[PDB]
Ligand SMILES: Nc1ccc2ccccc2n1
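For reference, the chain that follows is the form deposited without quinolin-2-amine (2AQ), supplied as structure tokens.
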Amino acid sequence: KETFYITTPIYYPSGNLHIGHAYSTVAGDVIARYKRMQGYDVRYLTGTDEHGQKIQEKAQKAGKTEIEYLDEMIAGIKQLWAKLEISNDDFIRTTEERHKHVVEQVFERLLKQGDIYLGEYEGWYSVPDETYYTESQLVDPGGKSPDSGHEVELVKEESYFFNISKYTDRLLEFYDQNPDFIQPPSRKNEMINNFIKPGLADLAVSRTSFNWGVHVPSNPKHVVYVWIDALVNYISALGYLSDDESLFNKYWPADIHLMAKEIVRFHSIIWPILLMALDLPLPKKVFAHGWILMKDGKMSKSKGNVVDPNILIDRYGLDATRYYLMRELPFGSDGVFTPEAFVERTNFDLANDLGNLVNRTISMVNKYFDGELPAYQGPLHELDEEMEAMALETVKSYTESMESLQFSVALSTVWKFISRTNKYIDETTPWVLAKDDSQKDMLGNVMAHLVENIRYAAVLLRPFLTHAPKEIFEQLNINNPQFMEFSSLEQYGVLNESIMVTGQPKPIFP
């Protein structure tokens, strides 16, 4: 079987994870499940970026040691992914020796090759802006930020520097060979002012001002700078430079690195250059989504302008939480959270459109045939040929949207099919057919189309929702695992033996 490897970013446990982090991890989970259903050998990784001054500060901020603070935070994150039913195959932590050893190895290798050299970084850090500046960029100079008005802090410390400019021609050559590397196309607007043409400055890849992180074996006063440390997670979790590299050679290069837009530059410039320096294959694709916003900007874990996903899961359930994120907030833009939109998505799309349809269909199969669904014969009603064609086009359109990670467009397309199946009841009028004994076949045909239409939706929603499709298969009494796969949607009319549906149809209530 063909392999597929997808990653989220390793999240910085500086606070509790909000719904933006949930979107990222659910989005990657949707693809993982989707790819497993297509017949790929999938590995899906997530994790925690546990080193840095920022973690060292947040442990200070919560008046506590480094490793005690983290253990408590990592427990909460694993509990969240458990509650979200994320099908991640592994959880990488940068504090683990399996990661650390590889970072140490990589860093000493770059040292041996001459790629890195000892020096001093001198610059101007704006405390509010969280961005470094040169002295010429300062306003009223020891000066003000050009972006804001806050005066800057002078930062001088020993640092290793990585000669990245020599990989410029190979990087530009890689972009030419892989013009669709960054998806969606709007996200390579993050590559504006990239400095590749005029010349990339040597990157400061270690700190001496703090001591929390991966220490450089040659010079332990230095700690490896957080971004090269963090990016190693994608290859270290597969056992790169360990005594078993079987996962690395099976899954690398990664098919998708998933993220939000603000780390496209890091994943598109620094990460391929690092891989080039190790003579490793480059990632296939970078998929970057937008931000969930509030009323004071992007949802931020250090700021606290957040919605806790535990609140949404506890109150409304898992399916409503997962559906809302994927449907309401498109991959290719930013989006505002509101409690209004959440209940509308929950009640109108899930409980009504899908939930009514299932209840209506089972109620009529119980009423007219005593639960005994007649087998699919063919498109016997005059509308069936178009509707069966629509079902096939729904799967094809769904596929196109899913391959480009347009999750809201895929779900929107699925919901047009669900709505049309509700309208199919209205315009066929089974209750009227049921009065005439001579129309029993047509009535059977109509019920058969309703059940098959529902099965199409349920299969397509398996990557998105973990409970409701399973609940739908149980009530309709589709036990065969074959009828739950994508391949069974390739031709309409799967159920050609009669089926007994449930006698006590409960609400699906997704």
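Numbering starts at 1 and follows the sequence shown. Definition used throughout: the rigid core is the maximal C-alpha set that superposes within 1.5 Å between two forms.
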field: Missing residues, deposited sequence, between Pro141 and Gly142 (class: none, 1 to 3, 4 to 9, 10 or more)
entry: 4 to 9
message: Mean CA temperature factor from the deposited coordinates, higher in 403 to 411 or in 335 to 343?
response: 335 to 343
query: Of the two stretches 307 to 315 and 86 to 94, which shows the higher Cα B-factor on average in the entry?
result: 307 to 315
- line: In this crystal structure's PDB entry, the residue among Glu328, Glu382, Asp426, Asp176 with the greatest CA B factor is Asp176
- request: Name the one of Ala201, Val216, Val102, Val358 with the greatest CA B-factor according to the PDB entry.
  value: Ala201
- request: Using the B-factors in the PDB entry, rank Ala62's C-alpha atom against the chain and give the third, lowest, middle or highest.
  value: highest
- request: Divide the modelled residues of the chain into thirds by Cα B-factor and specify which third, lowest, middle or highest, holds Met500.
  value: highest
task: Looking at the entry's B-factor column for C-alpha atoms only, identify whether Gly239 ranks in the lowest, middle or highest third of its chain.
output: lowest
task: Can you work out whether the C-alpha temperature factor of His449 puts it in the lowest, middle or highest third of the chain?
output: lowest
statement: In terms of its chain's C-alpha B-factors, the third that includes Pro253 is the lowest
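A second form of this protein, the form deposited with quinolin-2-amine (2AQ) bound, is not displayed here; the remarks below concern that form.
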- request: Classify as open or blocked. Procedure: superimpose site C-alphas, place quinolin-2-amine (2AQ) with its pose in the deposited bound form, test each ligand atom against backbone and C-beta atoms at 2.4 Å; 3 or more hits mean blocked.
  value: blocked
- request: Examine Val224 and determine whether its closest non-hydrogen atom to quinolin-2-amine (2AQ) in the deposited bound form is within 4.5 angstroms.
  value: yes
message: Would you classify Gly444 as touching quinolin-2-amine (2AQ) in the deposited bound form, given a 4.5 Å non-hydrogen atom cut-off?
response: no
- prompt: Using heavy atoms and a 4.5 Å limit, would one call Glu471 a contact residue for quinolin-2-amine (2AQ) in the deposited bound form?
  reply: no
query: At the 4.5 Å heavy atom threshold, is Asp49 in contact with quinolin-2-amine (2AQ) in the deposited bound form?
result: yes
query: Using a 4.5 Å heavy atom cut-off, which stretch among 67 to 75, 366 to 374, 384 to 392, 224 to 232 contacts quinolin-2-amine (2AQ) in the deposited bound form?
result: 224 to 232
field: Sole residue of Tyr117, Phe91, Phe210, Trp431 within 4.5 Å of quinolin-2-amine (2AQ) in the deposited bound form, by heavy atom
entry: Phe210
- prompt: Out of 1 to 31, which residues reach within 4.5 Å of quinolin-2-amine (2AQ) in the deposited bound form, heavy atoms considered?
  reply: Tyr12
- request: Considering only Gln79, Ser246, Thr134, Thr429, single out the residue whose C-alpha is displaced by at least 2 Å between this form and the one not shown after superposing the rigid core.
  value: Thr134
task: For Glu96, state whether the C-alpha moves by 2 Å or more between this form and the one not shown after rigid core superposition.
output: no
field: Rigid core superposed: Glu57 CA moves 2 Å or more between this form and the one not shown
entry: yes
task: Answer yes if the Cα of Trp124 shifts by 2 angstroms or more between this form and the one not shown on a rigid-core superposition, and no otherwise.
output: yes
query: How does the C-alpha distance between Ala277 and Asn194 change in the deposited bound form compared with the present structure, closer or farther, given a change of 3 angstroms or more?
result: farther
